[PDB]
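Undergrad: my_file38.cif (mmCIF, C-alpha atoms; chains and numbers go by the auth columns) pasted underneath:
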data_upload
loop_
_atom_site.group_PDB
_atom_site.id
_atom_site.type_symbol
_atom_site.label_atom_id
_atom_site.label_comp_id
_atom_site.label_asym_id
_atom_site.label_seq_id
_atom_site.Cartn_x
_atom_site.Cartn_y
_atom_site.Cartn_z
_atom_site.B_iso_or_equiv
_atom_site.auth_seq_id
_atom_site.auth_asym_id
ATOM 1 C CA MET A 1 109.497 76.184 253.027 0.00 17 A
ATOM 2 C CA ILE A 2 110.822 78.859 250.565 0.00 18 A
ATOM 3 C CA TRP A 3 113.740 80.712 252.314 0.00 19 A
ATOM 4 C CA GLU A 4 114.441 84.480 252.086 0.00 20 A
ATOM 5 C CA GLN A 5 117.606 85.486 250.207 0.00 21 A
ATOM 6 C CA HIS A 6 119.865 88.348 251.342 0.00 22 A
ATOM 7 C CA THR A 7 123.158 89.740 250.241 0.00 23 A
ATOM 8 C CA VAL A 8 125.416 91.717 252.578 0.00 24 A
ATOM 9 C CA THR A 9 128.893 93.243 252.420 0.00 25 A
ATOM 10 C CA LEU A 10 130.774 92.976 255.727 0.00 26 A
ATOM 11 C CA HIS A 11 133.850 95.038 256.701 0.00 27 A
ATOM 12 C CA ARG A 12 136.638 93.639 258.944 0.00 28 A
ATOM 13 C CA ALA A 13 137.138 95.188 262.373 0.00 29 A
ATOM 14 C CA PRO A 14 140.097 94.711 264.714 0.00 30 A
ATOM 15 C CA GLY A 15 139.725 91.603 266.869 0.00 31 A
ATOM 16 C CA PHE A 16 136.417 90.596 265.328 0.00 32 A
ATOM 17 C CA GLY A 17 137.517 89.954 261.793 0.00 33 A
ATOM 18 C CA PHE A 18 134.127 89.726 260.085 0.00 34 A
ATOM 19 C CA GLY A 19 132.541 88.785 263.457 0.00 35 A
ATOM 20 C CA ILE A 20 130.973 85.432 262.491 0.00 36 A
ATOM 21 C CA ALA A 21 131.506 81.764 263.065 0.00 37 A
ATOM 22 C CA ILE A 22 131.023 79.232 260.220 0.00 38 A
ATOM 23 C CA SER A 23 129.949 75.606 260.656 0.00 39 A
ATOM 24 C CA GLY A 24 128.578 72.892 258.374 0.00 40 A
ATOM 25 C CA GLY A 25 130.110 71.665 255.157 0.00 41 A
ATOM 26 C CA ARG A 26 129.928 68.425 253.226 0.00 42 A
ATOM 27 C CA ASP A 27 132.474 66.898 255.657 0.00 43 A
ATOM 28 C CA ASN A 28 130.773 68.405 258.701 0.00 44 A
ATOM 29 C CA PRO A 29 127.049 67.474 259.130 0.00 45 A
ATOM 30 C CA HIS A 30 124.837 68.631 261.964 0.00 46 A
ATOM 31 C CA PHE A 31 124.877 65.848 264.556 0.00 47 A
ATOM 32 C CA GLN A 32 121.045 65.509 264.454 0.00 48 A
ATOM 33 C CA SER A 33 119.688 66.746 261.167 0.00 49 A
ATOM 34 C CA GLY A 34 122.614 65.588 258.999 0.00 50 A
ATOM 35 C CA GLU A 35 122.363 68.996 257.235 0.00 51 A
ATOM 36 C CA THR A 36 125.661 69.908 255.456 0.00 52 A
ATOM 37 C CA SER A 37 125.009 73.515 254.347 0.00 53 A
ATOM 38 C CA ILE A 38 127.594 76.047 255.427 0.00 54 A
ATOM 39 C CA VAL A 39 125.887 77.972 258.262 0.00 55 A
ATOM 40 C CA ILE A 40 126.450 81.049 260.440 0.00 56 A
ATOM 41 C CA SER A 41 126.753 79.573 263.986 0.00 57 A
ATOM 42 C CA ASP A 42 127.653 82.809 265.843 0.00 58 A
ATOM 43 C CA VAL A 43 127.239 86.521 265.167 0.00 59 A
ATOM 44 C CA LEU A 44 129.525 88.293 267.629 0.00 60 A
ATOM 45 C CA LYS A 45 127.924 91.149 269.564 0.00 61 A
ATOM 46 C CA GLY A 46 129.574 94.519 268.712 0.00 62 A
ATOM 47 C CA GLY A 47 131.110 92.992 265.578 0.00 63 A
ATOM 48 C CA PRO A 48 130.700 93.876 261.864 0.00 64 A
ATOM 49 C CA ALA A 49 127.979 91.296 261.256 0.00 65 A
ATOM 50 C CA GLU A 50 125.607 92.386 264.022 0.00 66 A
ATOM 51 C CA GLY A 51 122.539 93.775 262.240 0.00 67 A
ATOM 52 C CA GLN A 52 123.648 92.198 258.928 0.00 68 A
ATOM 53 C CA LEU A 53 123.591 88.436 259.416 0.00 69 A
ATOM 54 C CA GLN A 54 121.645 86.103 261.745 0.00 70 A
ATOM 55 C CA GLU A 55 122.568 82.866 263.443 0.00 71 A
ATOM 56 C CA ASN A 56 121.388 79.897 261.341 0.00 72 A
ATOM 57 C CA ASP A 57 121.726 81.791 258.065 0.00 73 A
ATOM 58 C CA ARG A 58 122.804 79.349 255.329 0.00 74 A
ATOM 59 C CA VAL A 59 125.780 80.713 253.312 0.00 75 A
ATOM 60 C CA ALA A 60 125.176 80.433 249.557 0.00 76 A
ATOM 61 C CA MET A 61 128.082 82.430 248.176 0.00 77 A
ATOM 62 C CA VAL A 62 131.152 84.458 249.260 0.00 78 A
ATOM 63 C CA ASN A 63 132.735 87.002 246.886 0.00 79 A
ATOM 64 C CA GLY A 64 131.315 85.182 243.821 0.00 80 A
ATOM 65 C CA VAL A 65 132.343 81.705 244.974 0.00 81 A
ATOM 66 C CA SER A 66 129.541 79.158 245.576 0.00 82 A
ATOM 67 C CA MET A 67 129.408 77.423 248.972 0.00 83 A
ATOM 68 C CA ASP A 68 127.062 74.644 247.601 0.00 84 A
ATOM 69 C CA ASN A 69 128.280 71.266 249.008 0.00 85 A
ATOM 70 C CA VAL A 70 131.799 72.623 249.779 0.00 86 A
ATOM 71 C CA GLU A 71 134.053 71.487 252.583 0.00 87 A
ATOM 72 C CA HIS A 72 134.113 73.348 255.862 0.00 88 A
ATOM 73 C CA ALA A 73 137.779 74.357 255.441 0.00 89 A
ATOM 74 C CA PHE A 74 137.059 75.695 251.952 0.00 90 A
ATOM 75 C CA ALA A 75 134.397 78.108 253.211 0.00 91 A
ATOM 76 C CA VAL A 76 136.565 79.275 256.174 0.00 92 A
ATOM 77 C CA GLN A 77 139.507 79.869 253.793 0.00 93 A
ATOM 78 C CA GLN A 78 137.376 81.845 251.344 0.00 94 A
ATOM 79 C CA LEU A 79 136.256 84.175 254.145 0.00 95 A
ATOM 80 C CA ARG A 80 139.711 84.399 255.877 0.00 96 A
ATOM 81 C CA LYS A 81 141.383 85.266 252.569 0.00 97 A
ATOM 82 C CA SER A 82 138.939 88.104 251.800 0.00 98 A
ATOM 83 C CA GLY A 83 140.087 91.728 251.731 0.00 99 A
ATOM 84 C CA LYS A 84 138.609 94.596 253.709 0.00 100 A
ATOM 85 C CA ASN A 85 135.175 93.707 252.409 0.00 101 A
ATOM 86 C CA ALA A 86 133.425 90.369 252.018 0.00 102 A
ATOM 87 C CA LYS A 87 130.261 90.048 249.893 0.00 103 A
ATOM 88 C CA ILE A 88 128.060 87.265 251.287 0.00 104 A
ATOM 89 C CA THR A 89 124.723 85.936 250.032 0.00 105 A
ATOM 90 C CA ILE A 90 122.691 83.920 252.520 0.00 106 A
ATOM 91 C CA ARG A 91 119.370 82.131 252.836 0.00 107 A
ATOM 92 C CA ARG A 92 117.236 82.743 255.942 0.00 108 A
ATOM 93 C CA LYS A 93 113.950 81.195 257.078 0.00 109 A
ATOM 94 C CA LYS A 94 110.905 83.358 256.412 0.00 110 A
ATOM 95 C CA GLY A 95 110.466 85.722 259.370 0.00 111 A
ATOM 96 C CA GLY A 96 114.129 85.172 260.364 0.00 112 A
ATOM 97 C CA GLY A 97 114.661 88.889 260.752 0.00 113 A
ATOM 98 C CA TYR A 98 112.663 88.534 263.966 0.00 114 A
ATOM 99 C CA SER A 99 113.034 86.406 267.140 0.00 115 A
ATOM 100 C CA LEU A 100 109.464 85.110 266.901 0.00 116 A
ATOM 101 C CA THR A 101 107.476 83.847 263.952 0.00 117 A
ATOM 102 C CA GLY A 102 104.219 81.916 264.074 0.00 118 A
ATOM 103 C CA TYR A 103 102.160 80.209 261.365 0.00 119 A
ATOM 104 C CA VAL A 104 98.366 80.589 261.393 0.00 120 A
#
Please express the file's structure as structure tokens.

TA:
Amino acid sequence: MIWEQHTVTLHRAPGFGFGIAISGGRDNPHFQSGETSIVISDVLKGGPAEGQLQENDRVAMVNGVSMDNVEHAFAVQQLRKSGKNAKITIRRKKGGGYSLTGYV
């Protein structure tokens, strides 16, 4: 369908870092779907991304650098090398701000 687009700025916290896990990448397809987008696989509770990003968000850009068809390692390095702040633009399924969504 047509996905929602959102931009956030996350701030590092001790232990958590930015508080997200990253999967996908051109070299790292989902074992079923074959999807290669960089994706948010975990949003750590109590961390800086809770209430900012959702699991299964697709990462489009980090600090001005496109994540389109990039390698897994490249996306992880772009986030790990960020300063105090990281600007992240994602795509999210429509209704993805909620647990439940139903089409009628």

Undergrad: Enumerate, as a CSV table (one decimal) with C-alpha atoms, in the frame of the given file, the residues matched when the PyMOL selection byres ((chain A and resi 24-39) around 10) is run on the file above.

TA:
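Now in selection.csv:
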chain,number,residue,atom,x,y,z
A,22,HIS,CA,119.9,88.3,251.3
A,23,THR,CA,123.2,89.7,250.2
A,40,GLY,CA,128.6,72.9,258.4
A,41,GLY,CA,130.1,71.7,255.2
A,44,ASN,CA,130.8,68.4,258.7
A,45,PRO,CA,127.0,67.5,259.1
A,46,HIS,CA,124.8,68.6,262.0
A,52,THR,CA,125.7,69.9,255.5
A,53,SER,CA,125.0,73.5,254.3
A,54,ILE,CA,127.6,76.0,255.4
A,55,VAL,CA,125.9,78.0,258.3
A,56,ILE,CA,126.4,81.0,260.4
A,57,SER,CA,126.8,79.6,264.0
A,58,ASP,CA,127.7,82.8,265.8
A,59,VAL,CA,127.2,86.5,265.2
A,60,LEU,CA,129.5,88.3,267.6
A,61,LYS,CA,127.9,91.1,269.6
A,62,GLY,CA,129.6,94.5,268.7
A,63,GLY,CA,131.1,93.0,265.6
A,64,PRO,CA,130.7,93.9,261.9
A,65,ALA,CA,128.0,91.3,261.3
A,66,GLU,CA,125.6,92.4,264.0
A,68,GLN,CA,123.6,92.2,258.9
A,69,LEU,CA,123.6,88.4,259.4
A,70,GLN,CA,121.6,86.1,261.7
A,71,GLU,CA,122.6,82.9,263.4
A,72,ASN,CA,121.4,79.9,261.3
A,73,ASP,CA,121.7,81.8,258.1
A,74,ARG,CA,122.8,79.3,255.3
A,75,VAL,CA,125.8,80.7,253.3
A,78,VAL,CA,131.2,84.5,249.3
A,79,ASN,CA,132.7,87.0,246.9
A,87,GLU,CA,134.1,71.5,252.6
A,88,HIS,CA,134.1,73.3,255.9
A,89,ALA,CA,137.8,74.4,255.4
A,91,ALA,CA,134.4,78.1,253.2
A,92,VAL,CA,136.6,79.3,256.2
A,95,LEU,CA,136.3,84.2,254.1
A,96,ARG,CA,139.7,84.4,255.9
A,98,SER,CA,138.9,88.1,251.8
A,99,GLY,CA,140.1,91.7,251.7
A,100,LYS,CA,138.6,94.6,253.7
A,101,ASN,CA,135.2,93.7,252.4
A,102,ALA,CA,133.4,90.4,252.0
A,103,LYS,CA,130.3,90.0,249.9
A,104,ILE,CA,128.1,87.3,251.3
A,105,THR,CA,124.7,85.9,250.0
A,106,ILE,CA,122.7,83.9,252.5

Undergrad: Could you list as a VMD selection string every residue that has an atom within 6 Å of (117.7, 81.6, 253.5), using the file's coordinates and counting all atoms listed in the file?

TA: chain A and resid 19 to 21 74 106 to 109

Undergrad: Rounded to one decimal, what separation in Å do you get between CA of residue 18 (chain A) and CA of residue 111 (chain A)?

TA: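 Between CA of residue 18 (chain A) and CA of residue 111 (chain A) the gap is 11.2 Å.
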
Undergrad: Grab the CA of residue 67 (chain A) to CA of residue 51 (chain A) distance for me, in Å with one decimal place.

TA: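 Result for CA of residue 67 (chain A) versus CA of residue 51 (chain A): 25.3 Å, one decimal.
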
Undergrad: Can you tell me how far CA of residue 86 (chain A) sits from CA of residue 110 (chain A), in Å to one decimal?

TA: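 If I compute the distance from CA of residue 86 (chain A) to CA of residue 110 (chain A), I get 24.4 Å.
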
Undergrad: How big is the axis-aligned box around all listed atoms of region 64-77 of chain A once 6 Å goes on each side, and where's its centre, in Å to one decimal, as AutoDock Vina command-line options?

TA:
--center_x 126.0 --center_y 86.6 --center_z 256.1 --size_x 21.3 --size_y 26.5 --size_z 27.8

Undergrad: With N, CA and C atoms as the target, complete region 68-95 of chain A and hand it back as a PDB file, in the frame of the given file.

TA:
ATOM      1  N   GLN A  68     123.459  92.561 260.336  1.00  0.00           N
ATOM      2  CA  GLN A  68     123.648  92.198 258.928  1.00  0.00           C
ATOM      3  C   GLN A  68     123.264  90.726 258.704  1.00  0.00           C
ATOM      4  N   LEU A  69     123.894  89.856 259.473  1.00  0.00           N
ATOM      5  CA  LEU A  69     123.591  88.436 259.416  1.00  0.00           C
ATOM      6  C   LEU A  69     122.952  87.910 260.710  1.00  0.00           C
ATOM      7  N   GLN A  70     122.229  86.786 260.609  1.00  0.00           N
ATOM      8  CA  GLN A  70     121.645  86.103 261.745  1.00  0.00           C
ATOM      9  C   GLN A  70     122.221  84.692 261.943  1.00  0.00           C
ATOM     10  N   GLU A  71     122.287  84.251 263.180  1.00  0.00           N
ATOM     11  CA  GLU A  71     122.568  82.866 263.443  1.00  0.00           C
ATOM     12  C   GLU A  71     121.590  81.972 262.680  1.00  0.00           C
ATOM     13  N   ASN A  72     122.108  80.842 262.185  1.00  0.00           N
ATOM     14  CA  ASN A  72     121.388  79.897 261.341  1.00  0.00           C
ATOM     15  C   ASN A  72     121.131  80.334 259.901  1.00  0.00           C
ATOM     16  N   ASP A  73     121.629  81.491 259.496  1.00  0.00           N
ATOM     17  CA  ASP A  73     121.726  81.791 258.065  1.00  0.00           C
ATOM     18  C   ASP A  73     122.516  80.677 257.349  1.00  0.00           C
ATOM     19  N   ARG A  74     122.029  80.224 256.198  1.00  0.00           N
ATOM     20  CA  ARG A  74     122.804  79.349 255.329  1.00  0.00           C
ATOM     21  C   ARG A  74     123.613  80.182 254.329  1.00  0.00           C
ATOM     22  N   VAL A  75     124.919  79.957 254.251  1.00  0.00           N
ATOM     23  CA  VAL A  75     125.780  80.713 253.312  1.00  0.00           C
ATOM     24  C   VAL A  75     125.740  80.096 251.918  1.00  0.00           C
ATOM     25  N   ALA A  76     125.279  80.877 250.937  1.00  0.00           N
ATOM     26  CA  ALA A  76     125.176  80.433 249.557  1.00  0.00           C
ATOM     27  C   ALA A  76     126.403  80.796 248.737  1.00  0.00           C
ATOM     28  N   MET A  77     126.982  81.962 248.992  1.00  0.00           N
ATOM     29  CA  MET A  77     128.082  82.430 248.176  1.00  0.00           C
ATOM     30  C   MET A  77     128.879  83.504 248.938  1.00  0.00           C
ATOM     31  N   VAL A  78     130.193  83.481 248.736  1.00  0.00           N
ATOM     32  CA  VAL A  78     131.152  84.458 249.260  1.00  0.00           C
ATOM     33  C   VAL A  78     132.045  85.042 248.161  1.00  0.00           C
ATOM     34  N   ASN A  79     131.925  86.336 247.907  1.00  0.00           N
ATOM     35  CA  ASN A  79     132.735  87.002 246.886  1.00  0.00           C
ATOM     36  C   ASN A  79     132.684  86.278 245.511  1.00  0.00           C
ATOM     37  N   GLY A  80     131.498  85.820 245.110  1.00  0.00           N
ATOM     38  CA  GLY A  80     131.315  85.182 243.821  1.00  0.00           C
ATOM     39  C   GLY A  80     131.594  83.683 243.820  1.00  0.00           C
ATOM     40  N   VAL A  81     132.066  83.128 244.919  1.00  0.00           N
ATOM     41  CA  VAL A  81     132.343  81.705 244.974  1.00  0.00           C
ATOM     42  C   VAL A  81     131.233  80.936 245.707  1.00  0.00           C
ATOM     43  N   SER A  82     130.603  79.989 245.005  1.00  0.00           N
ATOM     44  CA  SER A  82     129.541  79.158 245.576  1.00  0.00           C
ATOM     45  C   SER A  82     130.025  78.339 246.773  1.00  0.00           C
ATOM     46  N   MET A  83     129.187  78.271 247.805  1.00  0.00           N
ATOM     47  CA  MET A  83     129.408  77.423 248.972  1.00  0.00           C
ATOM     48  C   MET A  83     128.549  76.134 248.922  1.00  0.00           C
ATOM     49  N   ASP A  84     127.850  75.894 247.814  1.00  0.00           N
ATOM     50  CA  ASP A  84     127.062  74.644 247.601  1.00  0.00           C
ATOM     51  C   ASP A  84     127.913  73.383 247.720  1.00  0.00           C
ATOM     52  N   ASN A  85     127.622  72.566 248.734  1.00  0.00           N
ATOM     53  CA  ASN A  85     128.280  71.266 249.008  1.00  0.00           C
ATOM     54  C   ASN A  85     129.822  71.281 249.130  1.00  0.00           C
ATOM     55  N   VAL A  86     130.333  72.420 249.523  1.00  0.00           N
ATOM     56  CA  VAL A  86     131.799  72.623 249.779  1.00  0.00           C
ATOM     57  C   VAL A  86     132.195  72.133 251.173  1.00  0.00           C
ATOM     58  N   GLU A  87     133.505  71.945 251.333  1.00  0.00           N
ATOM     59  CA  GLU A  87     134.053  71.487 252.583  1.00  0.00           C
ATOM     60  C   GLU A  87     134.104  72.663 253.520  1.00  0.00           C
ATOM     61  N   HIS A  88     134.067  72.340 254.808  1.00  0.00           N
ATOM     62  CA  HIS A  88     134.113  73.348 255.862  1.00  0.00           C
ATOM     63  C   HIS A  88     135.330  74.263 255.684  1.00  0.00           C
ATOM     64  N   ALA A  89     136.506  73.630 255.586  1.00  0.00           N
ATOM     65  CA  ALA A  89     137.779  74.357 255.441  1.00  0.00           C
ATOM     66  C   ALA A  89     137.761  75.289 254.260  1.00  0.00           C
ATOM     67  N   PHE A  90     137.108  74.878 253.173  1.00  0.00           N
ATOM     68  CA  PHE A  90     137.059  75.695 251.952  1.00  0.00           C
ATOM     69  C   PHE A  90     136.287  76.996 252.198  1.00  0.00           C
ATOM     70  N   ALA A  91     135.152  76.902 252.870  1.00  0.00           N
ATOM     71  CA  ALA A  91     134.397  78.108 253.211  1.00  0.00           C
ATOM     72  C   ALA A  91     135.156  79.038 254.182  1.00  0.00           C
ATOM     73  N   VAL A  92     135.781  78.467 255.205  1.00  0.00           N
ATOM     74  CA  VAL A  92     136.565  79.275 256.174  1.00  0.00           C
ATOM     75  C   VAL A  92     137.720  79.975 255.434  1.00  0.00           C
ATOM     76  N   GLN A  93     138.416  79.257 254.545  1.00  0.00           N
ATOM     77  CA  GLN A  93     139.507  79.869 253.793  1.00  0.00           C
ATOM     78  C   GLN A  93     139.033  80.976 252.876  1.00  0.00           C
ATOM     79  N   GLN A  94     137.883  80.800 252.225  1.00  0.00           N
ATOM     80  CA  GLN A  94     137.376  81.845 251.344  1.00  0.00           C
ATOM     81  C   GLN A  94     137.087  83.112 252.132  1.00  0.00           C
ATOM     82  N   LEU A  95     136.504  82.984 253.321  1.00  0.00           N
ATOM     83  CA  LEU A  95     136.256  84.175 254.145  1.00  0.00           C
ATOM     84  C   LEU A  95     137.577  84.745 254.701  1.00  0.00           C
TER      85      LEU A  95
END
